[PDB]
Structure formats: C-alpha cells, structure tokens
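Asker: Mind having a look at this structure? Questions to follow.
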Amino acid sequence: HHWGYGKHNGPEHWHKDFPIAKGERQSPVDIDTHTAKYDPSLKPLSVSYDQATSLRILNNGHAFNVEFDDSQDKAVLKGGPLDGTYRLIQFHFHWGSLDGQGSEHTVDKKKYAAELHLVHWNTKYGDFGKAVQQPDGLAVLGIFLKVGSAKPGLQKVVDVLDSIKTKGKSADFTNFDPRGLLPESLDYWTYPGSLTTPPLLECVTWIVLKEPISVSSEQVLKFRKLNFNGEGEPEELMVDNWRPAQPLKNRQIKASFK
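The opening residue of the sequence shown carries number 59 in this note's numbering; numbering runs sequentially from there.
In structure tokens:
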C-alpha cells in the first residue's frame, strides 16, 4: 500500500509514511501575487542549457522523467536567488484530467492545466542523493502550462510517450534540448520549499516562472494516455498527479519583478 494519487493513497495520506508532509516548508503553495514582495537584490536567472545531454525518458509510475547526464557542468542553473551552481538532473510534469486543474503551484488560487519541474542539484554536495539532505540542496524551476497553441519544443516528448505507457518502461531519449520548453520571460517568484512527492524533503529553492508556456489540447491529451500501472495490470490513467497547495507557514514569497 504505497503512496500515489488515488482515493486511498493520495496526498492526504502521505503524512502517515512521511511525517514531514506536515512540516514547516512544504510545497507546493499558492502564490498570492499581491502579497509577494519585489526583491530588487534578486538577480536575473542564468539558464545555461546549450550543452545539455538528455539520455532517457522513464515512466516511474507517478510521472515521466526526462533524465540528463549530470556528471559534468553541462546544463546548469545559477543566479537568481541561488548561491553556486546547480546541475540539471531531470525534468517532469504534473497534469490534470481536465484543463482546469493539473498544476501544483497556484497563482491567486488559479490552477493551470499542468506544471513542468526542471530539477537541479547544488554541485557543492557532489551528488543528488547527498543534495536532498541539505536545506539548499536543490533548485527546481517550475513552469506553468496552459492549453492553447502547441509548443513545438514539446512535441518530441509527446511523440515518445507511446513507448513508455506503463510503469517501469524507459526509452532512449538523446539530443533533447530543454531550451525549447522555456517561455520568453524569466521573471519569477521564489521561496524555500520541498519536493512535492515523497520523501517530501525540505531541500528545494523554488523558482516559479510568471509566464506560462502554451501547449495544445492534443499535446496534453497525450499526457493523459499514460498509465500509473505496469504492463499487465488493470489500466489506471496517469492523470491528476499533482499535490495540492500546502500552508505557507513562516515563509515569504519574493518576486524578481515589479
């Protein structure tokens, strides 16, 4: 009886196996745009993805991860609220069963159709497993998806999903350029938080972009054809794999923009 997104194992149950679920810096949160404070000391984000080396795409039973070679400084995030250099290890999405839900963060209570997380770890800790044990171990760049025009840079991801329909399936996925998933503006909100899936560790500097990307209805429909289950098990569509907003508690959200 392991965690998931169903009626009997979903987010409201996670605290029994992962008591940090009720912790002091849990994610996601609602971003109240009027209460977020502009911080003029925040620097522009530096996204350096030109040498990124994607390797594989994996259905892990909760989402699909596009994985990267993180054994060198090839795709890195720095600047913004961050001290030091953070290496891209994977990206994945959270999405809904309907266009009116799917994101984890919300903006003035608005839910987007999906949310992309680009996960990076602080190179001063040597590897991802050590980084997640540190309060400044990870930096996650969160990008909202709305349904409208297609995102051409997403299509290569969409077209491979048929090969990883069920839990545990992976496929070679080389030469994917994550720059094709970024919006025009890098204006952002930032706050200290957590992983949004178990183990829910409180190790993330969240950087959430204000500008959403647009994807087509056909693109998001293909996300919704994935399966939570493994091959040969009863089919349960991979939809609504999002954790709802958690209490802000003693945190301030900062904005890079006026």
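No residue lacks a Cβ here, since even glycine has one placed at the ideal position from N, Cα and C.
Out of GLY195, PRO210, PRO257, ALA313, state which residue places its alpha-carbon closest to the alpha-carbon of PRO77.
Answerer: The residue you call residue 77 lines up with position 19 of the sequence shown. The shortest C-alpha separation from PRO77 is found at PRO257.
Asker: Answer yes if the region 59-75 comes into contact with the region 273-280, meaning at least three C-beta pairs across the two stretches below 8 Å, and no otherwise.
Answerer: No, the region 273-280 is not in contact with the region 59-75.
Asker: For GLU125 and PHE151, which I take to be in contact (beta-carbon distance under 8 Å), what is that distance rounded to the nearest angstrom?
Answerer: Start at 1 with the first residue of the sequence shown, and residue 125 comes out as number 67. Start at 1 with the first residue of the sequence shown, and residue 151 comes out as number 93. Wrong, their Cβ atoms sit about 14 Å apart, outside the cutoff.
Asker: Can you give the beta carbon distance from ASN180 to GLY142, rounded, assuming they're within the 8 Å contact cut?
Answerer: Reading the sequence shown from its first residue, position 122 is the one you call residue 180. Reading the sequence shown from its first residue, position 84 is the one you call residue 142. About 6 Å; that satisfies the 8 Å criterion.
Asker: Which class does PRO69 belong to by DSSP, given the choice of helix, strand or coil?
Answerer: Counting from 1 along the sequence shown, the entry for residue 69 is found at position 11. DSSP places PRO69 in helix when its eight states are reduced to three.
Asker: Just verifying my parser: in three-state terms, what is the DSSP assignment at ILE265?
Answerer: Counting from one through the sequence shown, the residue named residue 265 turns up at place 207. Three-state DSSP puts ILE265 in a strand.
Asker: Please classify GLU289: does DSSP put it in a helix, a strand, or coil?
Answerer: Walking along the sequence shown from the start, residue 289 turns up at place 231. In the structure shown, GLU289 sits in coil (DSSP, three-state: anything other than H, G, I, E or B).
Asker: Could you check what DSSP says for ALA172 in three-state terms: helix, strand or coil?
Answerer: Position 114 of the sequence shown holds residue 172. Residue state, collapsed to three classes: strand.
Asker: If you reduce the DSSP assignment to three classes, tell me which class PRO210 lands in.
Answerer: Taking the sequence shown and counting its residues from 1, one reaches residue 210 at position 152. DSSP places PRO210 in helix when its eight states are reduced to three.
Asker: Whole angstroms are fine: how far does the CA of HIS178 sit from the CA of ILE147?
Answerer: Taking the sequence shown and counting its residues from 1, the one referred to as residue 147 is at position 89. Taking the sequence shown and counting its residues from 1, the one referred to as residue 178 is at position 120. Approximately 6 Å between the Cα atoms of the pair.
Asker: Helix, strand or coil for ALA79 per DSSP?
Answerer: Position 21 of the sequence shown holds residue 79. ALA79: helix per DSSP, three-state reduction.
Asker: If we require 4 or more residues per run, which alpha helix (DSSP H) segments fall completely within the region 179-230?
Answerer: Segments of the alpha helix (DSSP H) lying fully in the region 179-230: 186-189, 213-218.
Asker: Less than 9 Å separating the beta-carbons of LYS95 and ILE311?
Answerer: Translated into the one-based positions of the sequence shown, residue 95 becomes position 37. Translated into the one-based positions of the sequence shown, residue 311 becomes position 253. Yes, Cβ-Cβ distance for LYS95 and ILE311 is below 9 Å.
Asker: Leaving out five residues before and five after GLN109 in sequence, what residues of the same chain have Cβ atoms less than 6 Å from its Cβ?
Answerer: For the purposes of this step, residue 109 is taken as residue 51 along the sequence shown, with counting starting at 1. Answer for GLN109: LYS132, listed in chain order.
Asker: For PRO102, which of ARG301, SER274, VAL266 has the nearest alpha-carbon?
Answerer: For the purposes of this step, residue 102 is identified with residue 44 of the sequence shown, where counting begins at 1. Ranking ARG301, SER274, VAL266 by Cα distance to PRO102 puts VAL266 first.
Asker: Could you tell me whether the Cβ atoms of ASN285 and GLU293 are closer together than 9 Å?
Answerer: As a first step, residue 285 must be located in the sequence shown, where it is residue number 227. As a first step, residue 293 must be located in the sequence shown, where it is residue number 235. Yes.
Asker: Compare the C-alpha of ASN123 against each of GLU289, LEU295, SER228 and name the closest.
Answerer: Translated into the one-based positions of the sequence shown, residue 123 becomes position 65. Answer by Cα proximity: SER228.
Asker: Going by DSSP in three states, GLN148 sits in which element: helix, strand or coil?
Answerer: Against the sequence shown, residue 148 aligns to sequence position 90. DSSP places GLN148 in strand when its eight states are reduced to three.
Asker: Once the 5 residues before and after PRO270 are set aside, which same chain residues still bring their CB inside 8 Å of it?
Answerer: Within the sequence shown, numbered from 1, the residue matching residue 270 stands at position 212. Excluding positions up to five away in sequence, the list reads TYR170, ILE201, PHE202, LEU203, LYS204, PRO241.
Asker: Provide the residue span of the alpha helix (DSSP H) that contains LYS280, from first to last.
Answerer: Here residue 280 corresponds to residue number 222 of the sequence shown, with the count starting at 1. Looking at the DSSP string, the run of the alpha helix (DSSP H) that includes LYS280 is 275-281.
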